[PDB]
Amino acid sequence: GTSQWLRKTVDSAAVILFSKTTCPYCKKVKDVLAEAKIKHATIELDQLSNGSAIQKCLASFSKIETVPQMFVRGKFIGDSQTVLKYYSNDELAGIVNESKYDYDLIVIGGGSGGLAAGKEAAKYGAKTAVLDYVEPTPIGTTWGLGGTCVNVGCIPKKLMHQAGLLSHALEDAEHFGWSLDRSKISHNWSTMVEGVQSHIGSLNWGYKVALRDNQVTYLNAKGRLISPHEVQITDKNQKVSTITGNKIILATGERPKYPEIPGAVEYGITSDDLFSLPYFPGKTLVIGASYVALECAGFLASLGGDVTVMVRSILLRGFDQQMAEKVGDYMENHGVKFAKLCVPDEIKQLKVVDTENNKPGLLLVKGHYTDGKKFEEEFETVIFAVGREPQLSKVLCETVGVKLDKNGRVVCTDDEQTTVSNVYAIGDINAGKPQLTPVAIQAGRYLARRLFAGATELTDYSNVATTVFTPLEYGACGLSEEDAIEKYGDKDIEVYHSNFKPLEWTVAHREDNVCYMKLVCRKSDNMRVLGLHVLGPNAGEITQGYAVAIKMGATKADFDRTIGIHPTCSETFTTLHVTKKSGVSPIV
């Protein structure tokens, strides 16, 4: 068991030093390495439950059992004196640089997961390359280093959400005594996009700087894995070459889908285009009902836009549907129109985008409702948010032997290993995992530590909290009510729930009994909290802390024992008492 771990660690680490805290010769080694600007991992055996068993199995690799012991890419390099020997003779540089491969790690994809993995690996001496390339959208939109969330995802989405929330801050400001003429207030799309894009630009730059400062090689090149250790790269000039790496991390993410209907690629846009759009979308149709669809519809409406969402069947499939309905009801009551049970048949162009006055074009959308009536309506912008897909045939030679699933995602073990043992996948292309930026980051960093610093900790993908940044935000952690019932049976599920009203909404004259929270609990497991759900402002701030408690196995009694902070929305989780089975109303 310990020999398995040590065999893997030694084989994989780029530059690793086994050591103890109470060891001067070790410090001498650390100092020479620091002095020489040689990064490495370090495992202090005097701080492990079985450090002394480890010290013994080490002699199966070194033929000695003392510390320090220094390894490079699978080979015992020496004790203290052999390290100093190499140094003094200035042979240490060529030694810690000897490898069969150009790199210890090549990351294909410069997004949330891949950048986090790359940096963390370089920390421990892994010679690292990060490849990133942004295939243009059909209208030619491209962007810089950082991935989907930085450039066309969580970051611009939340900032445009914020611009929409400020709309309601302006309305509220009057009731709290601020004098402002709200009829001479308008929103300027292009000013907002410019501020958003200037922040993204600072992130593109910040990442490039971070990579340089960790001695990671950044290649703005499309990578293609041609064999287990060989990556072919095409640069801006279309020049092709080949680099080699020991470990490979696939972190290439996904791109938006279009529906296969006439006009969709030619005249519609996706989220990829929305967040840098050089004209105001104007009267907009969003096709879809994902969290992307609803978030985009929501902020466009709060910015004053005429907004319609075309929904084929239900809102937020895969989420708790009681909550999804409440999310949708709030939106419909606040200016989002819904074309329900409706699908698009074709987009026709009525006006071309004015690339020189920054005005939208004009489109005719034809579709049909389930009741057979035709949908026909003009929109200035049509946004598709009908899901996302991986692009791996563009990255993976089928001959390498990386197994994909039905949907084109990478089939992985619980340590992110593909069917090719030196090749790993993180982020959105890892089949079956929550598609979220902090998951991708935790995966990539924890993987890098296992590869290059002998760590064993795996990423825990269970009970991963989410927030949907709709106009009224929805945060959740754990199971939907319907999934809990399906799993355990209705008789074993108790649901506590309440409406609430943010104090901020009182003077502002906003709604009673719209915000809402519930805990879905398991009767037979001490009222274990199986899922937490909250609809209200700052729902991501509310939910995050409870995710720690849920990971620790929180019960209803743990919530009750805890004292609220007053006045907050979150404190209502500490006094819930109405159950659903009681029939008593949750209104307050």
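Here, rigid core means the biggest group of C-alpha atoms that superpose within 1.5 Å across both forms. Note that residue numbering begins at 1 and tracks the sequence as displayed.
Peer 1: Is 369-377 or 104-112 the stretch whose C-alphas end up farther from this model in 8 other deposited structures of this protein after a rigid core fit?
Peer 2: Between the two stretches, 369-377 moves farther in 8 other deposited structures of this protein.
Peer 1: Given a rigid core fit, name the stretch, 182-190 or 440-448, whose C-alphas are on average farther from the form shown here in 8 other deposited structures of this protein.
Peer 2: Between 182-190 and 440-448, greater C-alpha deviation in 8 other deposited structures of this protein belongs to 182-190.
Peer 1: Give the stretch, out of 551-559 and 54-62, with the larger mean C-alpha temperature factor in the deposited entry.
Peer 2: Higher mean C-alpha B-factor in the PDB entry: 54-62.
Peer 1: Mean C-alpha B factor from the entry: is it higher for 324-332 or for 205-213?
Peer 2: Here the higher of the two C-alpha B-factor means belongs to 205-213.
Peer 1: What's the residue among 460, 511, 98, 504 with the greatest CA temperature factor in the PDB record?
Peer 2: Of the candidates given, the C-alpha B-factor peaks at 98.
Peer 1: Among 437, 422, 358, 467, where is the Cα B factor highest in this entry?
Peer 2: By C-alpha B-factor in the record, 358 ranks first.
Peer 1: If you rank the chain by CA B-factor, which third does residue 525 end up in: lowest, middle or highest?
Peer 2: For residue 525, whose C-alpha B-factor we compare with every modelled residue in the chain, the answer is the middle third.
Peer 1: With respect to C-alpha B-factor, does residue 491 fall in the lowest, middle or highest third of the chain as deposited?
Peer 2: Highest third - that is where residue 491 ends up once the chain's C-alpha B-factors are sorted.
Peer 1: Could you tell me which third, lowest, middle or highest, the C-alpha B-factor of residue 71 occupies within its chain?
Peer 2: According to the entry, residue 71 has a C-alpha B-factor in the chain's highest third.
Peer 1: Split the chain's modelled residues into thirds by Cα B-factor; is residue 157 in the lowest, middle or highest one?
Peer 2: Middle third by C-alpha B-factor.
Peer 1: Among the modelled residues of its chain, does the C-alpha B-factor of residue 181 lie in the lowest, middle or highest third?
Peer 2: Highest third - that is where residue 181 ends up once the chain's C-alpha B-factors are sorted.
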